[PDB]
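J.: Line by line, the protein sequences give chains A, B, C and D.
Its first residue numbered 1, the first sequence is counted upward by one per residue in the authors' numbering.
Its first residue numbered 1, the second sequence is counted upward by one per residue in the authors' numbering.
Its first residue numbered 1, the third sequence is counted upward by one per residue in the authors' numbering.
Its first residue numbered 1, the fourth sequence is counted upward by one per residue in the authors' numbering.
C-beta: ideal position from N, C-alpha, C; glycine also.
4 protein chains.
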Amino acid sequence: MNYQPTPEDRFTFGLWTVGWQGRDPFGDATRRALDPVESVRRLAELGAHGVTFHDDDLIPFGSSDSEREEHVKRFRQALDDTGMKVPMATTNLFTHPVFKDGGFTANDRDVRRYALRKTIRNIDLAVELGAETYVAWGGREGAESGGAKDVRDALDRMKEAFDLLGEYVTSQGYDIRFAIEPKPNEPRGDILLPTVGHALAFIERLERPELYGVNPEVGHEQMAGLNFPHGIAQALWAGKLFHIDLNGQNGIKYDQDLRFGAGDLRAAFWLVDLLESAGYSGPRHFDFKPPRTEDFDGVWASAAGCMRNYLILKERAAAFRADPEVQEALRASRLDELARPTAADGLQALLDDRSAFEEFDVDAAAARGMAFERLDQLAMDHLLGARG
Amino acid sequence: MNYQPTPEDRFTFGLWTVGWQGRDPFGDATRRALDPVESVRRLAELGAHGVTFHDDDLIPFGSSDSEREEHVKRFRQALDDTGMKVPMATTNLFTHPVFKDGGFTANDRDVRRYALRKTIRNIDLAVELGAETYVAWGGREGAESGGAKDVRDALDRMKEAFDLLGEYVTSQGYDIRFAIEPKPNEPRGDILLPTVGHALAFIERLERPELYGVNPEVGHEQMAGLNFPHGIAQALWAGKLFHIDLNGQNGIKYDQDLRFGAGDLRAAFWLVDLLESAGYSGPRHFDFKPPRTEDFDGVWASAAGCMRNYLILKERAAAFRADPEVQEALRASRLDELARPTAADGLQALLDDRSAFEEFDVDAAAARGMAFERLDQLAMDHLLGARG
Amino acid sequence: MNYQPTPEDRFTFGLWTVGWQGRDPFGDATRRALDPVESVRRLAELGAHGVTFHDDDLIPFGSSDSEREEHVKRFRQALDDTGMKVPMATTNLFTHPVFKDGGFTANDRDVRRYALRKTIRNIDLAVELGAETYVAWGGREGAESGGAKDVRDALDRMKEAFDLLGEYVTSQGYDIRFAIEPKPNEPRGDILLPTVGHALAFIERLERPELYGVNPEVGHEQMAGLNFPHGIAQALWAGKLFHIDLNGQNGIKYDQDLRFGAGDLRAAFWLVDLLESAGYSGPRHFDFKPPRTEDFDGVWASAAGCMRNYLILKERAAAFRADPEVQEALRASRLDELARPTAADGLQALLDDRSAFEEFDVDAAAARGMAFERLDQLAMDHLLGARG
Amino acid sequence: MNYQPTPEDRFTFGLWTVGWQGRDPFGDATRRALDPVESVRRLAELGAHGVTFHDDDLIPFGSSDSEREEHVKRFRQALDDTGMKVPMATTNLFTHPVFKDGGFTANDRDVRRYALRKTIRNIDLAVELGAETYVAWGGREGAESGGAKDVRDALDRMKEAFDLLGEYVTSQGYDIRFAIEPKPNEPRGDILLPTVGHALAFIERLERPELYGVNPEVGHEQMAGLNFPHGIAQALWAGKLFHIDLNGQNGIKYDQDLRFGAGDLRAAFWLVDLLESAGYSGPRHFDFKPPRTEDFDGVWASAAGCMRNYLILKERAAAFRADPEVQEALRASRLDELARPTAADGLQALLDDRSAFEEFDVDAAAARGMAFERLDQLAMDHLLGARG
Ligand SMILES: OC[C@@H]1O[C@H](O)[C@@H](O)[C@H]1O
Ligand SMILES: OC[C@@H]1O[C@H](O)[C@@H](O)[C@H]1O
Ligand SMILES: OC[C@@H]1O[C@H](O)[C@@H](O)[C@H]1O
Ligand SMILES: OC[C@@H]1O[C@H](O)[C@@H](O)[C@H]1O
Ligand SMILES: [Mg+2]
Ligand SMILES: [Mg+2]
Ligand SMILES: [Mg+2]
Ligand SMILES: [Mg+2]
Ligand SMILES: [Mg+2]
Ligand SMILES: [Mg+2]
Ligand SMILES: [Mg+2]
Ligand SMILES: [Mg+2]
């Protein structure tokens with residue numbers, strides 16, 4: 001009946017989302033720039049919990065140390081005036097031309113060292129503002145051609161970079177953790193660590209893996225045609241879902257950054273179901289772009305719809321799981337047996353169990369239907385509010 | 001000039017590849033079944049090194065222990081007569097109806113225990129035949145709908161299954177290692193561990209991770225639109241490329257299993273370049289299907305073309321890397337600098353280096369071109385044999 | 001409140017849909033075959049209007065003329081007993097091995113002539129049973145390799161085949177029309193006439209184009225990543241939507257044939273909105289497969305869900321369009337102006353209109369927002385039943 | 001041995017290709033702007049035949065009639081100095097913010113009239129410069145959401161626009177033809193007329209269809225996963241290939257605009273084979289972007305590689321078709337029979353031919369292999385220059 005967000009729902013937005021001016025690779029900006037202070041005030045009025053930023057969203061590139069203290073001071077006063085928080089920050093290592101072949105894995109060694117110094121400068125600012133997560137999206141780490149990048153040497157350089165950042169925050173005593181954001185392509189023809197799985201595997205080779213997790217994005221995994229709730233489950237299973245970027249995507253094409261709930265609606269339902277039933281307690285961060293067709297009233301409408309659709313889906317997924325008819329269908333489909341160990345009795349007792357092989361009636365087991373279609377139609381009816 | 005394979009090139013084929021009868025989801029078989037003994041003899045004549053099998057390719061399902069010893073004896077005599085080896089084996093946990101919801105992660109616990117016993121029985125046979133790698137492709141582990149599979153519980157069951165198989169081979173003293181083969185979809189709507197990255201990350205949570213690697217397949221990663229040479233580089237970087245399945249795929253669609261070299265030809269070039277320059281020494285295994293348009297002469301022609309195209313690409317990639325003009329272009333594109341540590345001087349010296357930030361001339365660095373297009377055209381000229 | 005289908009909703013199902021035994025390219029059948037008579041009775045009980053068939057679903061291949069009259073007689077008695085109709089029929093030119101390189105565009109001329117005779121025999125039966133539409137899905141017309149098929153010669157053969165079928169029905173005086181069903185791939189690597197657009201363009205070169213339309217399928221166009229409601233609008237605009245196949249598909253991958261409403265739910269909403277507002281009056285035909293996880297109770301559950309989801313979406317799209325708040329938002333987004341001619345005043349008056357160029361204020365026009373995000377959130381709220 | 005282009009090879013380039021400054025949706029320009037006069041001179045030195053332009057590439061938007069005559073005069077003097085021609089021109093209806101919801105199908109009627117006047121002004125200039133083809137790429141005609149665009153009304157507006165342009169060139173007596181360029185998405189979420197087929201079908205509903213053809217682009221059709229040589233064959237079959245845009249694309253993702261020959265190399269081979277064997281005589285136009293990693297030496301290297309790869313592939317496809325071994329394999333695969341009419345004897349003689357049905361031996365026909373794998377390996381050997 002009521003889908004009004006409050007700061008306790010932990011909804012957050014990047015400054016670059018509502019602040020996107022509408023420039024795309026075929027067209028000029030359609031909106032004027034927004035002052036960060038205005039975005040903070042506007043988002044607070046809509047019920048958001050907080051904002052996030054890249055260094056260059058908040059402090060224009062090439063700013064003097066004095067212009068920098070001014071930009072931060074103004075920002076901090078808007079945070080104090082509104083009660084908004086800053087739970088995550090990140091570095092822009094993709095817009096300036098010096099990063100055209102990457103930041104941490106640029107072929108030029110001087111660019112790699114510059115990228116690390118630009119990053120470290122912003123981790124200190126993030127800690128000052130109270131961020132608990134520092135995201136890294138290596139949007140330019142990759143290649144358009146095969147010979148341009150030796151990927152084993154580039155992974156050595158990427159490991160070296162994250163290892164030095166871990167050393168830095170530990171030597172400084174900071175309580176901040178890192179989250180790597182995978183994306184398969186765009187703007188490079190192929191990007192390194194293209195999916196949540198490749199990022200998870202990479203983290204296990206860092207020197208201090210407990211400091212690093214993932215920041216998956218809905219549309220990124222869908223650009224590889226993957227099931228985003230399945231990848232989030234794997235990240236939760238590994239203990240590494242540190243943050244999450246929510247938006248919508250219609251399939252395998254350029255990154256559309258639609259508002260959350262747009263794109264694949266059923267996948268959004270199953271995602272909310274999983275985050276709420278696993279008790280994910282981090283921010284619900286929207287990394288989206290209001291389409292360039294819109295004026296500023298459409299920007300705020302689009303941001304409000306992100307939060308509204310999360311809260312509708314949350315109510316429908318909770319109704320689904322609480323429905324005794326669904327709980328019976330889950331048992332009929334043997335979800336309860338999936339959660340039981342296959343062989344708590346141990347290897348030797350499995351080997352000696354004739355009911356597991358010699359005397360197993362495979363034709364009788366094969367004839368049992370799984371009853372998944374009736375379960376899925378109950379899930380559809382709940383999503384559409386069609387229960388009777 | 002000569003592209004004739006010999007058993008030293010380590011080319012291997014599954015019995016199910018040349019033995020595929022042509023049944024697809026819309027049509028009946030177009031070829032008669034082949035006897036395994038005939039395939040071994042035919043493949044040996046073409047210059048192959050060895051063959052691989054699923055348990056049910058070699059021993060028809062529901063065979064008595066006596067019919068089983070007969071099937072194996074005949075097979076072993078063809079191996080002895082030809083000099084062919086058996087470097088890898090695997091289990092069929094996908095064809096029989098009992099596996100319709102999976103083997104290791106089936107919701108029904110009795111099916112999960114049966115899948116493990118069927119697997120263990122075939123590991124013993126594989127060891128008897130001298131296989132060094134045991135592959136697992138969980139083709140039915142997955143779902144068509146969101147509520148049918150809790151993925152955290154399914155990963156617990158998958159970990160449990162691989163952990164028990166590791167216990168078994170260690171308690172038996174066997175020198176065989178496991179390779180997990182990822183695939184993103186087909187025949188399930190989404191398959192668990194869909195890419196090389198998700199498999200690599202999963203392995204790091206097994207109790208004895210050193211026993212497990214990956215068996216990536218060209219067409220599988222391309223069904224997610226990913227760069228297969230990049231994923232192989234990541235697997236090599238992690239020390240986990242235990243085996244590899246070679247074939248061709250035209251993009252994101254059903255798994256075509258074309259012969260190797262078909263599909264994305266430039267990706268095949270960069271793959272061969274990487275395997276030969278990293279010194280991969282395992283089998284070059286072809287997991288492909290001769291199209292159902294072909295008769296048996298076209299089957300053998302298709303198998304021969306797999307090996308021929310590998311050896312042409314091997315010669316062109318070696319000519320590329322040996323060309324002094326290419327070696328100069330690699331330096332011009334700073335591939336030599338990519339291989340140097342970013343900061344061997346350490347964190348504190350990076351922080352105190354003004355040339356890395358305060359005094360870094362970003363506009364001069366940004367203006368340097370990377371010269372990647374001339375390098376890539378040298379690579380194209382070498383691939384096409386157009387050097388002058 | 002009520003989503004119970006009746007025969008007036010015109011829901012139809014192919015015999016091969018609920019009758020699919022579950023054989024996929026990696027696994028054996030999981031269900032027994034269904035007798036056509038049982039499917040007709042079962043579907044009638046669920047509220048369906050009618051059934052469709054391929055020749056070989058109803059009469060097993062290689063049946064004697066006498067076994068054939070028997071199969072038809074039994075079928076006709078089930079139709080009479082239930083009131084079910086047969087609005088469409090089609091030919092199987094894809095399952096038997098003789099069709100491995102196609103029916104109408106097979107390279108072998110004798111196969112092409114056989115395909116036409118098999119087709120003509122079944123058009124006569126379809127007319128006898130009262131079908132008004134004859135569908136053609138050229139599932140084997142295509143190629144896996146470039147040199148195997150000269151596509152201009154194959155389109156000449158396809159045109160020749162459809163032209164002879166048009167001559168046949170006109171010389172016989174039959175009132176039946178043809179509908180070509182496009183698909184981009186599977187089971188051939190690329191299929192000719194891969195999308196609704198390529199089929200529409202081809203029809204305009206037939207000798208009697210008024211006899212031919214399209215039979216688009218939801219999942220087929222989504223296998224090319226296309227917007228299915230947009231392609232249906234183009235077909236309606238051309239006067240050629242003769243029939244439609246409804247199902248669900250999760251993106252670009254093998255053809256999943258999920259029940260309608262599954263897959264891309266928002267696209268299903270916009271499709272129903274368009275069919276009901278354009279007054280499409282043909283059958284709502286479901287071409288889907290109950291997943292092979294299911295037993296026969298899950299088959300009927302899946303078929304019922306096809307109809308249920310159509311009727312829920314129909315009610316939500318009608319509520320959307322009738323909502324005065326939506327009608328105001330449509331005007332705010334200038335959908336009313338889109339429907340007005342750009343230049344009913346004619347070319348010369350446009351050329352002399354200074355307000356159209358010399359004096360057009362482009363900056364003022366560019367600043368107007370289109371208000372599409374608020375319209376789309378109204379559409380989301382209606383779909384989810386969240387209006388307040 | 002020699003792959004040096006000359007103006008007789010008819011290679012052409014858009015000003016916006018080599019002139020692309022490197023701005024992408026995540027980053028700033030990496031190259032300075034090029035003066036059109038410099039590009040003409042540079043391209044002439046490389047062996048190009050001519051250049052193409054959008055109105056706004058040549059005359060900056062908002063130019064006075066006097067600044068406009070100056071820009072044209074300078075350009076014309078570079079054309080005269082170099083011998084370069086201008087065979088095609090087009091309109092930019094996508095960059096300025098006023099076109100954010102489209103040009104010809106914008107919801108706002110005043111924008112639609114402005115788009116037509118901007119177009120007509122540039123057709124006159126194109127004719128003055130001697131262009132024979134006028135291209136239209138409706139990059140902003142489309143939508144991100146379902147309710148924003150009624151597609152039947154938008155196709156009425158698109159037809160109205162092209163019909164008025166046809167009236168204009170006929171009333172002026174101009175000898176120029178139009179070519180519509182389809183693209184499936186980007187920058188709109190879905191673009192109207194998304195593929196060559198949808199454009200071909202649309203043209204048949206214009207009032208003077210003989211004035212309109214298509215301008216297909218390699219990467220555009222591959223963004224829908226379609227076979228570009230098959231779509232070009234259909235366009236040639238319909239008599240509508242008026243122009244062609246050549247580039248490379250790695251699969252279904254954002255439009256990469258790689259140089260021709262990059263991306264799918266085998267598809268480039270089959271495309272060149274078809275254009276040269278069908279005797280396409282229009283321009284070979286490159287619509288590509290040198291990657292933003294490159295400096296100006298890499299721009300010219302990338303442009304040269306476009307032409308080089310066309311000429312290598314042309315030589316390999318001509319060697320393929322001329323090889324007597326290939327000509328025998330084409331007969332073995334019955335390509336000669338594909339080109340023969342199925343039933344030149346007519347419908348009645350087909351119906352009375354018992355050898356076409358009653359007495360057709362389907363099992364003997366089904367057993368004949370098509371020999372396509374050996375043909376395809378001959379095509380691979382020719383492409384790689386590996387014939388022996
Ligand atoms: O606009 C780029 C986004 O912002 C952050 O860098 C990351 O979340 C990216 O997806
Ligand atoms: O035909 C299935 C293949 O064989 C093995 O199970 C694995 O390599 C799969 O890709
Ligand atoms: O199972 C194949 C389907 O049945 C008809 O041949 C056509 O609608 C195809 O999509
Ligand atoms: O950069 C856009 C291209 O230029 C022309 O407008 C058309 O060919 C598009 O593909
Ligand atoms: Mg994104
Ligand atoms: Mg993000
Ligand atoms: Mg495969
Ligand atoms: Mg494999
Ligand atoms: Mg289908
Ligand atoms: Mg269909
Ligand atoms: Mg393009
Ligand atoms: Mg173009």
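Kindly list, in the order they appear in chain B, the residues whose Cβ is closer than 7 Å to that of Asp153 (chain A).
T.: The contacting residues are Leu338, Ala339.
J.: What residues in the segment 363 to 380 of chain A have a beta carbon less than 8 Å from any beta carbon of chain C?
T.: Answer set for the segment 363 to 380 of chain A: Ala366, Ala367, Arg368, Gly369, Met370, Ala371, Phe372, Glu373, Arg374, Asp376, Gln377, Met380.
J.: Going straight from the alpha carbon of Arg32 (chain C) to that of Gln21 (chain C), what length do you get?
T.: If you take the alpha carbons of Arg32 (chain C) and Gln21 (chain C), they lie about 6 Å apart.
J.: Using C-beta distances below 7 Å, list every residue in its chain close to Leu350 (chain C), excluding the 5 sequence neighbours before and after it, in chain order.
T.: Counting only Cβ-Cβ distances below 7 Å, and skipping sequence neighbours, we find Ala343, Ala356.
J.: Using the three-state DSSP reduction, which class does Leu383 (chain C) fall into: helix, strand or coil?
T.: Here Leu383 (chain C) sits in helix by DSSP.
J.: Does the beta-carbon of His243 (chain B), which I'm using as the reference point, lie nearer than 7 Å to any heavy atom of ligand 2?
T.: Checking the Cβ of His243 (chain B) against ligand 2 gives no.
J.: Which runs of the beta strand (DSSP E) fall wholly inside the segment 197 to 252 of chain C and span at least 3 residues, in chain order?
T.: Qualifying beta strand (DSSP E) stretches, in chain order: 212 to 214.
J.: So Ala318 (chain C) contacts chain D; which residues on that side make the cut at Cβ distance below 9 Å?
T.: Within chain D, no residue comes near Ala318 (chain C); the closest Cβ sits about 14 Å away, beyond 9 Å.
J.: How about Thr90 (chain C): is its Cβ closer than 7 Å to a heavy atom in ligand 3?
T.: Yes.
J.: Taking the alpha carbon of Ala115 (chain A) as the point to measure from, which residue in B:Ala329, B:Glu358, B:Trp237 has its own alpha carbon closest?
T.: It is B:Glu358 whose Cα lies nearest to the Cα of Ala115 (chain A).
J.: Is the distance from the Cβ of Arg321 (chain D) to the Cβ of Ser277 (chain D) below 8 Å?
T.: Yes, they are a contact pair.
J.: What are the boundary residues of the beta strand (DSSP E) that includes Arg177 (chain C)?
T.: Unbroken beta strand (DSSP E) run through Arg177 (chain C): 177 to 180.
J.: Could you pull out every residue in the same chain whose Cβ sits closer than 6 Å to the Cβ of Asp101 (chain C), ignoring the five residues on either side in sequence?
T.: So the qualifying residues of the chain are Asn107.
J.: Taking 8 Å as the CB-CB limit, is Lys183 (chain C) close to chain B?
T.: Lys183 (chain C) does not count as touching chain B.
J.: So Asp264 (chain D) contacts chain C; which residues on that side make the cut at Cβ distance below 8 Å?
T.: None at all; the shortest Cβ gap to chain C is about 11 Å.
J.: From the beta carbon of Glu167 (chain B), is the nearest beta carbon of chain A less than 8 Å away?
T.: Yes, because at least one Cβ of chain A sits closer than 8 Å to the Cβ of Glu167 (chain B).
J.: Of the residues B:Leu275, B:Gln222, B:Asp273, B:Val272, which one's Cα is nearest the Cα of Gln249 (chain B)?
T.: Nearest of B:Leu275, B:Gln222, B:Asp273, B:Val272 to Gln249 (chain B), Cα basis: B:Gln222.
J.: Can you pull the chain B neighbours of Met307 (chain D), defined as C-beta to C-beta under 9 Å?
T.: The premise fails here: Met307 (chain D) is roughly 11 Å from chain B at the closest Cβ pair, so nothing lies under 9 Å.
J.: With DSSP as the reference, identify every bridge partner of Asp24 (chain C), one or two as the case may be.
T.: According to DSSP, which records beta bridges pairwise, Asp24 (chain C) is partnered with C:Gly27.
J.: How about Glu128 (chain A): is its C-beta nearer than 8 Å to some C-beta of chain B?
T.: Chain B, which has no Cβ nearer than 8 Å to the Cβ of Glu128 (chain A), makes this no.
J.: Bridge partners of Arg284 (chain D), per DSSP?
T.: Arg284 (chain D) is bridged to D:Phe11.
J.: On the DSSP bridge assignment, give the partners of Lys85 (chain D) in chain order.
T.: Looking at the DSSP assignment, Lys85 (chain D) forms a beta bridge with D:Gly50.
J.: Measuring only between beta-carbons, confirm whether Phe286 (chain B) sits less than 8 Å from chain C.
T.: Chain C contact via Cβ: absent.
J.: Going by beta carbon distance, what residues of the same chain come within less than 8 Å of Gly219 (chain C), once the five residues before and after it are set aside?
T.: Taken in chain order, the residues that qualify are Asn247, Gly248, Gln249, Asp255, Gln256, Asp257, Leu258, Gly263.
J.: For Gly27 (chain A), would you say it is in contact with chain C, using Cβ-to-Cβ distances shorter than 8 Å as the test?
T.: No, its Cβ sits nowhere closer than 8 Å to a Cβ of chain C.
J.: Could you name the residues of the segment 246 to 280 of chain A whose beta carbon sits closer than 9 Å to any beta carbon of chain D, in the order they occur along the chain?
T.: Within the segment 246 to 280 of chain A, the residues whose Cβ lies closer than 9 Å to some Cβ of chain D are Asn250, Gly251, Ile252, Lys253, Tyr254, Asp255, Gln256, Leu258, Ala262, listed in chain order.
J.: Hey, quick one: how far does the beta strand (DSSP E) through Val169 (chain C) stretch, first residue to last?
T.: Run containing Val169 (chain C): none in the beta strand (DSSP E); it sits in the alpha helix (DSSP H), 151 to 172.
J.: Below 8 Å between beta carbons is the criterion; list the residues of the segment 28 to 46 of chain A that meet it against any residue of chain D, in chain order.
T.: Answer in chain order: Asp28, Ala29, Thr30.
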